[PDB]
There are 2 protein chains.
Amino acid sequence: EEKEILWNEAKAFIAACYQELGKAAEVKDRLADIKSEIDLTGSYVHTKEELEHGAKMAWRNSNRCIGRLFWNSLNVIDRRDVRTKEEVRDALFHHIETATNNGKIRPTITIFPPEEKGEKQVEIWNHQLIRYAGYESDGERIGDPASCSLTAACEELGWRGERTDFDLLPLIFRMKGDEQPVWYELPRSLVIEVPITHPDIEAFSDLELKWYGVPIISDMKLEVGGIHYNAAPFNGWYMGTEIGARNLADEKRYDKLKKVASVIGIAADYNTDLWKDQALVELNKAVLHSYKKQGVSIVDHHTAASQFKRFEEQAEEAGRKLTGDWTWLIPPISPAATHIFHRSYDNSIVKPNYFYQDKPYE
Amino acid sequence: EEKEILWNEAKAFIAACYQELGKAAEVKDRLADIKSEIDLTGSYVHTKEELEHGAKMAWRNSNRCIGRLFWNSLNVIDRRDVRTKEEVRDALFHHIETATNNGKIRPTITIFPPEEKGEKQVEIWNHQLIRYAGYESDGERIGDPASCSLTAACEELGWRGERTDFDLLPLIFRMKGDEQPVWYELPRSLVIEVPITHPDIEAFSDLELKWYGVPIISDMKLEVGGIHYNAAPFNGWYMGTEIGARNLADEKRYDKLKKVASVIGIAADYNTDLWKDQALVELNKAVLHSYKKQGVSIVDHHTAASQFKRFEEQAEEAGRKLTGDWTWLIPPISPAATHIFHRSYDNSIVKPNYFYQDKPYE
Ligand code: HEM
Ligand code: HEM
Ligand SMILES: N=C(Nc1cccc(OCCOc2cccc(NC(=N)c3cccs3)c2)c1)c1cccs1
Ligand SMILES: N=C(Nc1cccc(OCCOc2cccc(NC(=N)c3cccs3)c2)c1)c1cccs1
Ligand SMILES: C[C@H](O)[C@H](O)[C@H]1CNc2nc(N)[nH]c(=O)c2N1
Ligand SMILES: C[C@H](O)[C@H](O)[C@H]1CNc2nc(N)[nH]c(=O)c2N1
Ligand SMILES: [Cl-]
Ligand SMILES: [Cl-]
């Protein structure tokens, strides 16, 4: 059955991919070649073209992604050649460098060897390649609570964080045949960070907030034509609200709203003062201003929704059904000020696509 | 089949209602009496108790309503006795007076005779009993665009608005046997309105914004035990965001954000300045401050979500499944600052409930 599922997904992917690439006449012989290779080997190897276009299609089919206008410009790095943890490490390092691009962020994915019999060749533990550690001991809370369980697991393995609120987690991943993962400290020269200041309010620097430049999701499975690339880290640039309205704002993350209200000089005592809303706006202004001042790519939620509207029009122009998850597309502040809020979206799953997978710790 | 659907809905409603009222032992004989009356008459009449508890249950089952904590305190006015348009008019007038309660708003529903063979006894045309007219002629836009088609229909019938941006629409409804509806101008002494000022920014009054005190939804069908009360206007009080983030903010409503930005002294030129977000916060602050200064009931979205959280806990305590529509429960500003955003809700339809019905104009 495994092989039948593979074949079915393969024929659907190859016909749609080759059609988009103006390569329709080659489907027949390519599908023949695939059917044999599946027969003979239990799987099949994607060509460079299939692999690149598949990763791009997967982004285009990502229902929760507002940044999909730029799906066709994805920079695909084919690292199916790696066999050593040193090669994996260097690949991850390179991905950080090339994607960061001195602040002018390049949407990028690095693709590692896929699962074989559902057996992972390479298993990445980080949620993002660059993220901050989190600690909770006897009432004492430091850093990013979303990172508490991975942090605890790294420290099991002999890593030790400095216990600032912004400790960079090491890269941590496991190789097929290894019982334990390895970890490598990130070279600080590879990691761009932005201090958060506000354009008008000087006291805002008293918060000593910062965030990293490039979010690189490293724990999702890329699925293309029945082949499961469980290790395939990818990045775009941030939408400001991800940092200003969630990472720094949520009570279960950095929980900064009360401190924000204090430095902007408003009381945080009455719901009817809308001090949370006001702190949200200033914090979010500060984040966009800071990334822009430093020369690090970022987009605001209004601009991003305007791009997504273009993505919708483009899909219609091309004859493709549009899919989307309304609950994730609406931004977490002023959602009704975007067109997204005022329409609905078909949440069907189309492949290729990126999927969640179980975490090896926890 | 109509009668079978009726009977089925009736037995489900009577058992659940009598159970909640500690009246379980009476279900059997009451259901007998109902089965006969359906047999003999084609329908059945609710008791005072059933009618009151049914309307309350319908509110409790309203998935899109964040204000449901207070479902059991609903004030139910039984107007199944009316036969004349003068009685209907006076009922609507009374509902406005008693619900307004000099600003200390009382959640209220007035229930008129139900449909018979799907034949309406009374057909209310207003979307709310109190709403502002809207006009669009040769590029010229006045008032509330959501009201353009009902306004045009009223003016068909010989009503004429003054063409301010805040013309009160007349009550308009039709009686069984009549070909045309009638309209009655609202006595201004019945309608409480609130001028919008801002607690800190004096210029905010230059916008000359106002809104009415009491939103009274007058076009939804109440369904209780298979009986269809198509005319059953109800009200609570406003959540501030309904006015400040939607009615006054949407581009297809009053579209005030650019004017708001100007009076609060910020530029409306750059998406990255988050001027829309900032204008939203100040406009929303102004609305809550204004209702509170006047002594007219209103709730902010944070307080309302905290109440709804209590509603959820109360449902669990009572053993009732909770249903909700996430897309409507999240407020339109700072949704992620409420607990609602961070959980999901079963959007199943449970009856009794309020439903949409086709508009007699358009
Ligand atoms: C170009 C810049 C991009 C922007 C501004 C952007 C924006 C976003 C945002 C704001 C989210 C919601 C994330 C959250 O709430 O945690 C998201 C989700 C997502 N984006 Fe994008 N994105 C971009 C590029 C990409 C790229 C390059 C890919 C893959 C090739 C991608 C795939 C996804 C996926 C799979 C999700 C959903 C993740 C999940 O379910 O947890 N995006 N995007
Ligand atoms: C006590 C004060 C109340 C508050 C603060 C409140 C709050 C709200 C809000 C903010 C909405 C969304 C409306 C929109 O976006 O247009 C809503 C929807 C709703 N509320 Fe309530 N509500 C209250 C009382 C009531 C009452 C008394 C009933 C009926 C007895 C009711 C039934 C509903 C229904 C049916 C909807 C959905 C309407 C639709 O689908 O268009 N609510 N409520
Ligand atoms: N701008 C960005 N933001 C962004 C884009 C995509 C995802 C993202 O983070 C979302 C994290 O979401 C969750 C939520 C719950 C659990 C998890 N973890 C898992 N992978 C799961 C395992 C099992 C169930 S969920 C991830 C942030 C980008 C990063 C990379 C490309 S664009
Ligand atoms: N605070 C309030 N706000 C509130 C509560 C409930 C509804 C509400 O207005 C929602 C209007 O929603 C729509 C949206 C689209 C169409 C319609 N009109 C119709 N009835 C339809 C006919 C056919 C399809 S929809 C109404 C506002 C209250 C008023 C009364 C009690 S609480
Ligand atoms: C398409 C989308 O469901 C629609 O615009 C909804 C979104 N959520 C909403 N939520 C509320 N409370 N009121 C509304 O009018 C809407 N509009
Ligand atoms: C329960 C709810 O679906 C959940 O909290 C979602 C809501 N929408 C979201 N939207 C985005 N972009 N990111 C998120 O993490 C979430 N969380
Ligand atoms: Cl993030
Ligand atoms: Cl309204």
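Basis: the model, the stated rules and, where named, an outside source; nothing here is a laboratory result. Backbone-built Cβ (ideal geometry, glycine too); neighbour counts: all protein chains shown.
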*A:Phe93, sole failed condition from (1) part of a helix (DSSP H, G or I); (2) within 16 Å of ligand 1 (Cβ to nearest atom); (3) in contact (Cβ under 8 Å) with a residue 40 or more places away in the chain*: (2)
_Matching entry among A:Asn101, A:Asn75, A:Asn63 (being in contact with a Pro (Cβ under 7 Å, 6 or more places away or on another chain) and either within 23 Å of A:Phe234 (Cα to Cα) or of a type in the set (D, E, K, R) (or both))_ = A:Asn75
*Write out, first by first residue and then by second, each pair whose Cβ atoms fall under 7 Å of each other, whose residues are 6+ apart or on separate chains, and whose first residue, in the range B:247-274, is within 9 Å of chain A (Cβ to nearest Cβ) while the second is hydroxyl-bearing (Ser, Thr, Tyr).*
B:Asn271/A:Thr303
*Can you pull out the residues in the range B:328-352 that are buried (at least 20 other Cβ atoms within 10 Å of the Cβ), over 30 Å from B:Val224 (Cα atoms) and either under 17 Å from the mean Cα position of the chain (by Cα) or touching a residue at least 24 places away in the same chain (Cβ under 8 Å) (or both)?*
B:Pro332, B:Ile333, B:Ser334, B:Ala337, B:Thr338
*If we keep just the residues of the range B:240-285 that are in a loop (DSSP other than H, G, I, E, B) and within 14 Å of ligand 4 (Cβ to nearest atom), which is surrounded by the fewest Cβ atoms within 10 Å (Cβ to Cβ)?*
B:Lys252
*Among the residues of the range B:17-29, write down those that are surrounded by fewer than 18 Cβ atoms within 10 Å (Cβ to Cβ) and under 14 Å from B:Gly225 (Cα atoms).*
B:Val27
*Select, from B:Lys309, B:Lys321, the only residue that is away from chain A (no Cβ under 12 Å), in contact with a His (Cβ under 6 Å, 6 or more places away or on another chain), more than 16 Å from ligand 8 (Cβ to nearest atom) and not acidic (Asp, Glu).*
B:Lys309
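Going by the structure shown, is A:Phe355 crowded, with 18+ Cβ neighbours inside 10 Å, more than 14 Å from chain B (Cβ to nearest Cβ) and either within 20 Å of the chain's Cα centre (by Cα) or touching a residue at least 60 places away in the same chain (Cβ under 8 Å) (or both)?
The answer is no for A:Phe355.
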*Would it be correct to say that A:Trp237 is closer than 30 Å to A:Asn101 by Cα and either hydrophobic (A, V, I, L, M, F, W, C) or more than 16 Å from ligand 4 (Cβ to nearest atom) (or both)?*
yes
*asked:* Kindly evaluate A:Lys321 against the criterion of being basic (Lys, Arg) and not in a helix (DSSP H, G or I).
replied: yes
*Counting only residues that are out of contact with any strand residue (DSSP E or B) (no Cβ under 7 Å at 6 or more places or on another chain) and of a type in the set (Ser, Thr, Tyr), how many does the range A:86-130 have?*
1
_For the condition surrounded by 14 or more Cβ atoms within 10 Å (Cβ to Cβ), in contact with a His (Cβ under 8 Å, 6 or more places away or on another chain) and under 22 Å from B:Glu115 (Cβ atoms), what is the one hit in B:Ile77, B:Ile14?_
B:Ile77
*On the given criteria, is A:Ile38 in contact with a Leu (Cβ under 8 Å, 6 or more places away or on another chain), away from ligand 7 (no atom under 16 Å from the Cβ) and assigned by CATH to the domain that holds A:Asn230?*
yes
